[PDB]
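The next block is query.cif, given as mmCIF, N, CA, C and O atoms and all ligand atoms.
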```
data_run
#
loop_
_atom_site.label_atom_id
_atom_site.label_comp_id
_atom_site.auth_asym_id
_atom_site.auth_seq_id
_atom_site.Cartn_x
_atom_site.Cartn_y
_atom_site.Cartn_z
N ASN E 334 96.09 117.70 96.63
CA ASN E 334 94.84 118.28 97.18
C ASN E 334 94.92 119.81 97.32
O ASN E 334 95.64 120.63 96.78
N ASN E 335 94.06 120.24 98.22
CA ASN E 335 93.80 121.53 98.78
C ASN E 335 95.01 122.13 99.48
O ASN E 335 95.65 121.48 100.31
N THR E 336 95.29 123.40 99.19
CA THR E 336 96.38 124.12 99.82
C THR E 336 95.86 125.25 100.69
O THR E 336 96.65 126.01 101.26
N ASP E 337 94.54 125.35 100.81
CA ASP E 337 93.88 126.40 101.58
C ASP E 337 93.80 126.05 103.05
O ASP E 337 92.91 125.37 103.56
N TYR E 338 94.78 126.55 103.79
CA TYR E 338 94.88 126.19 105.20
C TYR E 338 93.99 126.99 106.12
O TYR E 338 94.07 128.23 106.08
N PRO E 339 93.33 126.37 107.08
CA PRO E 339 92.44 127.08 108.00
C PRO E 339 93.20 127.64 109.19
O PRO E 339 93.25 127.04 110.26
N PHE E 340 93.77 128.84 109.03
CA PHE E 340 94.57 129.39 110.11
C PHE E 340 93.75 129.72 111.36
O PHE E 340 92.62 130.19 111.24
N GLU E 341 94.33 129.42 112.51
CA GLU E 341 93.69 129.72 113.78
C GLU E 341 93.67 131.25 113.95
O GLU E 341 94.61 131.94 113.57
N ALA E 342 92.49 131.77 114.32
CA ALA E 342 92.45 133.23 114.51
C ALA E 342 93.10 133.54 115.84
O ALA E 342 93.25 132.68 116.72
N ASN E 343 93.40 134.82 116.07
CA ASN E 343 93.93 135.23 117.38
C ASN E 343 95.20 134.51 117.78
O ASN E 343 95.44 134.08 118.91
N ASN E 344 96.10 134.31 116.82
CA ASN E 344 97.39 133.64 117.04
C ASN E 344 98.35 134.66 117.67
O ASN E 344 98.64 135.62 116.97
N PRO E 345 98.82 134.39 118.86
CA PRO E 345 99.68 135.34 119.56
C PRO E 345 101.01 135.59 118.88
O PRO E 345 101.53 136.74 118.83
N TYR E 346 101.49 134.59 118.13
CA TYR E 346 102.73 134.78 117.39
C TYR E 346 102.63 135.79 116.27
O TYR E 346 103.67 136.13 115.67
N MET E 347 101.44 136.25 115.85
CA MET E 347 101.31 137.21 114.78
C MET E 347 102.01 138.54 115.12
O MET E 347 102.33 139.31 114.19
N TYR E 348 102.15 138.83 116.42
CA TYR E 348 102.85 140.09 116.74
C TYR E 348 104.21 139.84 117.36
O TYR E 348 104.75 140.64 118.14
N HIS E 349 104.87 138.72 117.01
CA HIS E 349 106.20 138.38 117.46
C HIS E 349 107.12 138.64 116.25
O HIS E 349 106.67 138.62 115.10
N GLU E 350 108.36 138.94 116.53
CA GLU E 350 109.32 139.30 115.49
C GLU E 350 109.84 138.13 114.67
O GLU E 350 109.91 138.21 113.44
N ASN E 351 110.14 137.03 115.38
CA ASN E 351 110.73 135.87 114.70
C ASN E 351 110.04 134.57 115.10
O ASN E 351 110.60 133.67 115.72
N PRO E 352 108.77 134.44 114.68
CA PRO E 352 108.04 133.21 115.00
C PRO E 352 108.65 131.95 114.35
O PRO E 352 108.48 130.85 114.92
N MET E 353 109.40 132.04 113.26
CA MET E 353 110.05 130.86 112.70
C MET E 353 111.04 130.28 113.70
O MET E 353 111.10 129.09 114.03
N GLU E 354 111.88 131.16 114.28
CA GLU E 354 112.88 130.71 115.25
C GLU E 354 112.26 130.20 116.53
O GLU E 354 112.64 129.15 117.08
N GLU E 355 111.12 130.82 116.98
CA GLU E 355 110.45 130.30 118.15
C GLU E 355 109.82 128.93 117.83
O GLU E 355 109.91 128.00 118.63
N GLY E 356 109.28 128.82 116.61
CA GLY E 356 108.66 127.55 116.21
C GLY E 356 109.70 126.43 116.26
O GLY E 356 109.42 125.33 116.75
N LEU E 357 110.88 126.68 115.65
CA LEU E 357 111.92 125.65 115.63
C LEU E 357 112.38 125.31 117.03
O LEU E 357 112.57 124.14 117.38
N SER E 358 112.53 126.32 117.92
CA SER E 358 112.88 126.01 119.30
C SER E 358 111.83 125.19 120.03
O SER E 358 112.14 124.19 120.68
N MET E 359 110.54 125.53 119.86
CA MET E 359 109.49 124.78 120.54
C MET E 359 109.29 123.38 119.96
O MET E 359 109.01 122.45 120.72
N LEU E 360 109.53 123.26 118.67
CA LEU E 360 109.37 121.93 118.04
C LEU E 360 110.44 121.00 118.57
O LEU E 360 110.16 119.87 118.99
N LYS E 361 111.67 121.51 118.64
CA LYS E 361 112.80 120.75 119.18
C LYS E 361 112.55 120.33 120.62
O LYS E 361 112.88 119.20 120.98
N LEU E 362 111.84 121.10 121.44
CA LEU E 362 111.45 120.82 122.80
C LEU E 362 110.15 120.03 122.93
O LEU E 362 109.62 119.88 124.04
N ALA E 363 109.53 119.64 121.82
CA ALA E 363 108.29 118.88 121.84
C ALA E 363 107.07 119.63 122.34
O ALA E 363 106.07 119.02 122.76
N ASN E 364 107.04 120.95 122.22
CA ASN E 364 105.90 121.78 122.55
C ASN E 364 105.18 122.06 121.23
O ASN E 364 105.29 123.11 120.60
N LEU E 365 104.48 121.02 120.78
CA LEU E 365 103.92 120.99 119.44
C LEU E 365 102.80 121.93 119.14
O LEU E 365 102.82 122.50 118.04
N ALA E 366 101.82 122.14 120.04
CA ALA E 366 100.73 123.06 119.69
C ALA E 366 101.29 124.49 119.56
O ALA E 366 100.87 125.16 118.61
N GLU E 367 102.22 124.83 120.45
CA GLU E 367 102.79 126.19 120.31
C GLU E 367 103.64 126.30 119.05
O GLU E 367 103.54 127.26 118.29
N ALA E 368 104.46 125.28 118.76
CA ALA E 368 105.23 125.32 117.53
C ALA E 368 104.34 125.48 116.30
O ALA E 368 104.60 126.23 115.37
N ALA E 369 103.21 124.70 116.26
CA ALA E 369 102.31 124.81 115.12
C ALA E 369 101.74 126.23 114.98
O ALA E 369 101.70 126.77 113.88
N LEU E 370 101.37 126.87 116.10
CA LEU E 370 100.93 128.25 116.01
C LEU E 370 102.01 129.21 115.50
O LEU E 370 101.72 130.05 114.65
N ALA E 371 103.23 129.01 115.97
CA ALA E 371 104.34 129.86 115.51
C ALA E 371 104.54 129.72 114.03
O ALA E 371 104.66 130.67 113.25
N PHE E 372 104.56 128.46 113.51
CA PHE E 372 104.66 128.27 112.07
C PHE E 372 103.46 128.78 111.30
O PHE E 372 103.64 129.29 110.19
N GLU E 373 102.24 128.70 111.84
CA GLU E 373 101.09 129.28 111.14
C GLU E 373 101.32 130.80 110.96
O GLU E 373 100.99 131.35 109.92
N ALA E 374 101.86 131.44 111.99
CA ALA E 374 102.17 132.87 111.89
C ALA E 374 103.17 133.16 110.80
O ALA E 374 102.96 134.08 110.00
N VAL E 375 104.23 132.36 110.71
CA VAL E 375 105.18 132.54 109.61
C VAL E 375 104.51 132.39 108.26
O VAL E 375 104.70 133.15 107.30
N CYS E 376 103.62 131.38 108.10
CA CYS E 376 102.96 131.14 106.83
C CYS E 376 102.03 132.27 106.39
O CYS E 376 101.76 132.44 105.19
N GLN E 377 101.52 133.02 107.38
CA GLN E 377 100.64 134.16 107.08
C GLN E 377 101.50 135.39 106.79
O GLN E 377 101.21 136.11 105.83
N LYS E 378 102.57 135.57 107.55
CA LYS E 378 103.46 136.72 107.33
C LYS E 378 104.28 136.67 106.06
O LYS E 378 104.56 137.67 105.39
N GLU E 379 104.81 135.48 105.76
CA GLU E 379 105.62 135.16 104.61
C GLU E 379 105.03 133.94 103.91
O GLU E 379 105.57 132.83 104.02
N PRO E 380 103.98 134.11 103.13
CA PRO E 380 103.27 133.04 102.46
C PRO E 380 104.05 132.26 101.42
O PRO E 380 103.66 131.11 101.15
N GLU E 381 105.18 132.74 100.94
CA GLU E 381 105.96 132.01 99.96
C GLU E 381 107.15 131.30 100.59
O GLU E 381 107.98 130.76 99.86
N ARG E 382 107.22 131.29 101.93
CA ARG E 382 108.36 130.64 102.59
C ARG E 382 108.06 129.15 102.72
O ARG E 382 107.45 128.68 103.68
N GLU E 383 108.65 128.40 101.78
CA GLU E 383 108.29 126.96 101.71
C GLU E 383 108.71 126.24 102.98
O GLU E 383 107.96 125.33 103.43
N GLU E 384 109.85 126.58 103.61
CA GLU E 384 110.24 125.90 104.84
C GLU E 384 109.27 126.14 106.01
O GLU E 384 109.16 125.27 106.87
N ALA E 385 108.53 127.23 106.03
CA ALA E 385 107.51 127.48 107.04
C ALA E 385 106.32 126.50 106.84
O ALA E 385 105.83 125.94 107.81
N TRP E 386 105.89 126.36 105.60
CA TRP E 386 104.79 125.44 105.29
C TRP E 386 105.23 123.99 105.60
O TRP E 386 104.44 123.21 106.18
N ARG E 387 106.42 123.62 105.17
CA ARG E 387 106.90 122.25 105.50
C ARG E 387 106.97 122.05 107.00
O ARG E 387 106.58 121.01 107.50
N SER E 388 107.52 123.01 107.78
CA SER E 388 107.62 122.86 109.22
C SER E 388 106.23 122.78 109.88
O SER E 388 106.05 122.02 110.82
N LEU E 389 105.29 123.58 109.40
CA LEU E 389 103.91 123.55 109.91
C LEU E 389 103.33 122.16 109.64
O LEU E 389 102.86 121.51 110.59
N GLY E 390 103.56 121.66 108.43
CA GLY E 390 103.00 120.33 108.11
C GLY E 390 103.61 119.24 109.00
O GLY E 390 102.91 118.37 109.53
N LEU E 391 104.95 119.21 109.14
CA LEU E 391 105.61 118.20 109.94
C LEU E 391 105.21 118.31 111.42
O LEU E 391 105.04 117.28 112.07
N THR E 392 105.00 119.52 111.93
CA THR E 392 104.59 119.72 113.30
C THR E 392 103.17 119.18 113.48
O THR E 392 102.89 118.52 114.48
N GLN E 393 102.28 119.48 112.54
CA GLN E 393 100.90 119.01 112.62
C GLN E 393 100.86 117.48 112.56
O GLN E 393 100.10 116.86 113.35
N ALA E 394 101.68 116.84 111.73
CA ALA E 394 101.75 115.38 111.70
C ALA E 394 102.25 114.83 113.02
O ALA E 394 101.67 113.90 113.60
N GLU E 395 103.27 115.48 113.63
CA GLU E 395 103.76 115.05 114.93
C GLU E 395 102.71 115.26 116.03
O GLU E 395 102.73 114.46 116.99
N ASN E 396 101.84 116.24 115.89
CA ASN E 396 100.79 116.53 116.85
C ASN E 396 99.49 115.82 116.49
O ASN E 396 98.42 116.10 117.02
N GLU E 397 99.58 114.76 115.68
CA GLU E 397 98.46 113.89 115.35
C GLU E 397 97.35 114.51 114.56
O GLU E 397 96.18 114.12 114.66
N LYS E 398 97.62 115.57 113.81
CA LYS E 398 96.63 116.28 113.05
C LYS E 398 97.06 116.16 111.59
O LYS E 398 97.44 117.10 110.89
N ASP E 399 96.94 114.91 111.10
CA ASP E 399 97.35 114.64 109.73
C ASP E 399 96.54 115.32 108.66
O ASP E 399 97.09 115.65 107.59
N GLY E 400 95.25 115.64 108.88
CA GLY E 400 94.47 116.36 107.90
C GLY E 400 95.05 117.78 107.71
O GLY E 400 95.27 118.15 106.57
N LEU E 401 95.36 118.44 108.82
CA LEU E 401 95.94 119.77 108.68
C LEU E 401 97.35 119.66 108.13
O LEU E 401 97.77 120.48 107.30
N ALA E 402 98.07 118.59 108.50
CA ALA E 402 99.43 118.40 108.00
C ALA E 402 99.42 118.33 106.49
O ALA E 402 100.25 118.91 105.76
N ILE E 403 98.50 117.51 105.93
CA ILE E 403 98.39 117.38 104.47
C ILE E 403 98.11 118.70 103.77
O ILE E 403 98.75 118.94 102.73
N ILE E 404 97.21 119.55 104.29
CA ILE E 404 97.00 120.84 103.61
C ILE E 404 98.31 121.66 103.62
O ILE E 404 98.64 122.23 102.57
N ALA E 405 98.99 121.71 104.77
CA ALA E 405 100.22 122.52 104.76
C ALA E 405 101.30 121.93 103.88
O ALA E 405 102.00 122.68 103.19
N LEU E 406 101.42 120.59 103.86
CA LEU E 406 102.41 119.94 103.02
C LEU E 406 102.11 120.13 101.53
O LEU E 406 102.99 120.33 100.70
N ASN E 407 100.81 120.09 101.14
CA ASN E 407 100.41 120.36 99.78
C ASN E 407 100.83 121.80 99.39
O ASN E 407 101.28 122.03 98.26
N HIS E 408 100.69 122.74 100.32
CA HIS E 408 101.11 124.11 100.06
C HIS E 408 102.62 124.18 99.89
O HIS E 408 103.10 124.85 98.98
N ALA E 409 103.36 123.47 100.76
CA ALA E 409 104.82 123.42 100.57
C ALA E 409 105.19 122.87 99.19
O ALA E 409 106.09 123.41 98.54
N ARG E 410 104.54 121.76 98.79
CA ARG E 410 104.86 121.14 97.50
C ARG E 410 104.60 122.11 96.35
O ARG E 410 105.38 122.12 95.40
N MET E 411 103.54 122.90 96.43
CA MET E 411 103.26 123.90 95.37
C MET E 411 104.40 124.91 95.29
O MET E 411 104.83 125.30 94.19
N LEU E 412 104.94 125.32 96.44
CA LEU E 412 106.04 126.28 96.47
C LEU E 412 107.35 125.69 96.01
O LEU E 412 108.12 126.36 95.30
N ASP E 413 107.67 124.45 96.39
CA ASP E 413 108.90 123.81 95.95
C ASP E 413 108.56 122.36 95.60
O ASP E 413 108.68 121.41 96.36
N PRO E 414 108.22 122.16 94.33
CA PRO E 414 107.82 120.85 93.84
C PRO E 414 108.92 119.83 93.96
O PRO E 414 108.65 118.64 93.83
N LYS E 415 110.19 120.21 94.08
CA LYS E 415 111.31 119.31 94.13
C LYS E 415 111.75 118.90 95.52
O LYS E 415 112.66 118.07 95.65
N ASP E 416 111.03 119.37 96.53
CA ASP E 416 111.37 119.00 97.92
C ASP E 416 110.84 117.58 98.20
O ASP E 416 109.65 117.41 98.45
N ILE E 417 111.76 116.62 98.24
CA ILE E 417 111.30 115.23 98.34
C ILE E 417 111.00 114.85 99.77
O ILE E 417 110.27 113.86 100.04
N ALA E 418 111.47 115.61 100.78
CA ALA E 418 111.06 115.36 102.16
C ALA E 418 109.53 115.57 102.25
O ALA E 418 108.83 114.85 102.95
N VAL E 419 109.03 116.65 101.63
CA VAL E 419 107.60 116.94 101.58
C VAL E 419 106.85 115.79 100.87
O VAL E 419 105.78 115.36 101.34
N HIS E 420 107.43 115.24 99.80
CA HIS E 420 106.74 114.13 99.12
C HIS E 420 106.55 112.95 100.07
O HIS E 420 105.44 112.36 100.13
N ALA E 421 107.61 112.61 100.78
CA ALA E 421 107.57 111.49 101.72
C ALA E 421 106.65 111.80 102.88
O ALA E 421 105.86 110.93 103.32
N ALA E 422 106.65 113.02 103.37
CA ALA E 422 105.76 113.38 104.47
C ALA E 422 104.29 113.33 104.08
O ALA E 422 103.47 112.93 104.93
N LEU E 423 103.97 113.67 102.83
CA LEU E 423 102.58 113.60 102.38
C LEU E 423 102.14 112.14 102.40
O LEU E 423 101.04 111.85 102.91
N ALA E 424 102.97 111.23 101.89
CA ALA E 424 102.59 109.82 101.87
C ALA E 424 102.42 109.27 103.29
O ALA E 424 101.44 108.56 103.56
N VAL E 425 103.30 109.66 104.21
CA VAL E 425 103.20 109.27 105.61
C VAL E 425 101.93 109.78 106.29
O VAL E 425 101.19 109.00 106.94
N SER E 426 101.59 111.07 106.08
CA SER E 426 100.37 111.58 106.72
C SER E 426 99.10 110.96 106.12
O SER E 426 98.18 110.74 106.92
N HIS E 427 99.06 110.70 104.82
CA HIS E 427 97.87 110.04 104.27
C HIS E 427 97.70 108.66 104.89
O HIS E 427 96.57 108.28 105.24
N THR E 428 98.80 107.92 105.03
CA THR E 428 98.73 106.59 105.66
C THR E 428 98.33 106.70 107.13
O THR E 428 97.43 105.98 107.58
N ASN E 429 98.88 107.66 107.86
CA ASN E 429 98.58 107.88 109.26
C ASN E 429 97.08 108.15 109.43
O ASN E 429 96.43 107.59 110.34
N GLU E 430 96.54 109.04 108.60
CA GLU E 430 95.14 109.41 108.71
C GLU E 430 94.23 108.19 108.44
O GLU E 430 93.28 107.89 109.16
N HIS E 431 94.58 107.46 107.36
CA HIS E 431 93.81 106.24 107.06
C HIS E 431 93.84 105.22 108.19
O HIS E 431 92.76 104.72 108.57
N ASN E 432 95.00 104.98 108.75
CA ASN E 432 95.14 104.01 109.85
C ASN E 432 94.36 104.48 111.07
O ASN E 432 93.72 103.65 111.77
N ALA E 433 94.47 105.76 111.46
CA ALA E 433 93.75 106.25 112.65
C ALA E 433 92.25 106.12 112.46
O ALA E 433 91.51 105.68 113.35
N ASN E 434 91.76 106.52 111.28
CA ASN E 434 90.34 106.40 110.99
C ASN E 434 89.86 104.95 110.99
O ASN E 434 88.76 104.71 111.54
N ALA E 435 90.69 104.03 110.52
CA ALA E 435 90.29 102.60 110.57
C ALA E 435 90.24 102.15 112.03
O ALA E 435 89.31 101.40 112.40
N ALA E 436 91.21 102.53 112.86
CA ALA E 436 91.22 102.16 114.27
C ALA E 436 89.97 102.68 114.96
O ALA E 436 89.33 101.95 115.75
N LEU E 437 89.61 103.95 114.70
CA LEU E 437 88.40 104.49 115.33
C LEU E 437 87.14 103.78 114.87
O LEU E 437 86.27 103.49 115.70
N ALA E 438 87.05 103.49 113.57
CA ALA E 438 85.88 102.76 113.05
C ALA E 438 85.81 101.37 113.70
O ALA E 438 84.69 101.01 114.10
N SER E 439 86.90 100.67 113.87
CA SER E 439 86.91 99.36 114.55
C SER E 439 86.43 99.47 116.00
O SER E 439 85.67 98.63 116.51
N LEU E 440 86.98 100.44 116.72
CA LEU E 440 86.55 100.64 118.12
C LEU E 440 85.09 101.02 118.25
O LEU E 440 84.38 100.48 119.12
N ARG E 441 84.57 101.89 117.38
CA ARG E 441 83.16 102.27 117.44
C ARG E 441 82.29 101.07 117.06
O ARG E 441 81.28 100.89 117.78
N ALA E 442 82.78 100.20 116.16
CA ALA E 442 81.97 99.00 115.87
C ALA E 442 81.85 98.15 117.14
O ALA E 442 80.77 97.61 117.43
N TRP E 443 82.95 97.98 117.85
CA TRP E 443 82.94 97.18 119.08
C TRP E 443 82.07 97.83 120.14
O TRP E 443 81.19 97.17 120.73
N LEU E 444 82.25 99.11 120.43
CA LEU E 444 81.52 99.78 121.50
C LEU E 444 80.04 100.05 121.32
O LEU E 444 79.28 100.07 122.31
N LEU E 445 79.63 100.42 120.11
CA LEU E 445 78.25 100.79 119.82
C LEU E 445 77.49 99.61 119.18
O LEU E 445 76.23 99.78 119.23
MG MG T 501 100.48 110.16 114.61
#
```
Reformat the file's structure so that it appears as structure tokens.
Ligand SMILES: [Mg+2]
Amino acid sequence: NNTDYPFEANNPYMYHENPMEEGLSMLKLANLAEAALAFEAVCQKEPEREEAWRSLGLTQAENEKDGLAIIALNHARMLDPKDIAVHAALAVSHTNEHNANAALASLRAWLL
């Protein structure tokens, strides 16, 4: 798919020196929205850094945002087509998104 990621404007990590390292520290601590912002900053500062795109995608999947995860993972795959962790993560996020959407459609059928 699409590799055009919708970066959040006004990202505070844009004026930090090492947002990759902060991202990895926050991800390890389970502070996912902040980690995702830190990785978005890395992806804008260093757009060819495939590990930044992969980390952004994996963080977004962990933070239940599989649509955004897929765009970042697609960008990672374009940068390093041989990264098979990215291949597996893309298949996982597509399945996650499909399952969540089916669950919501089932619940809305019941409620409405
Ligand atoms: Mg999930």
Test item: residues lying within 12 Å of ligand MG 501 (chain T) with only C-alpha atoms and all ligand atoms, as a VMD selection string: chain E and resid 391 to 400 402 422 425 to 434
Spatial neighbours of residue 352 of chain E, 7 Å, only N, CA, C and O atoms, chain gap at least 6 places, as a list in words: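 Listing them by chain and then by number gives residues 346, 358, 367, 368, 370, 371, 372, 374 and 375 of chain E.
Shortest atom-to-atom contact with residue 336 of chain E among E:409, E:423, E:444, E:435: E:409, counting all atoms listed in the file.
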All file atoms of segment 416-427 of chain E boxed axis-aligned, 8 Å per side, centre plus edges, as JSON:
```
{"center_x": 104.2, "center_y": 113.8, "center_z": 101.7, "size_x": 31.2, "size_y": 27.1, "size_z": 26.4}
```
Pick from E:387, E:439, E:378, E:343, whichever lies nearest to residue 410 of chain E using only N, CA, C and O atoms: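 Checking each candidate against residue 410 of chain E, we get E:387 as the closest.
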Contact residues around residue 381 of chain E with only C-alpha atoms at 10 Å, ignoring same-chain residues under 5 positions, as a list in words: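 So, after excluding close chain neighbours, the residues are residues 375, 376, 386, 408, 409, 411, 412 and 413 of chain E.
Taking atom C of residue 348 of chain E and atom CA of residue 419 of chain E as endpoints, the distance between them is 28.0 Å.
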Gap from atom C of residue 345 of chain E to atom CA of residue 418 of chain E - Å, one decimal: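 About the pair atom C of residue 345 of chain E and atom CA of residue 418 of chain E: they are 28.1 Å apart.
Distance-wise, atom CA of residue 416 of chain E and atom CA of residue 364 of chain E end up 25.4 Å apart.
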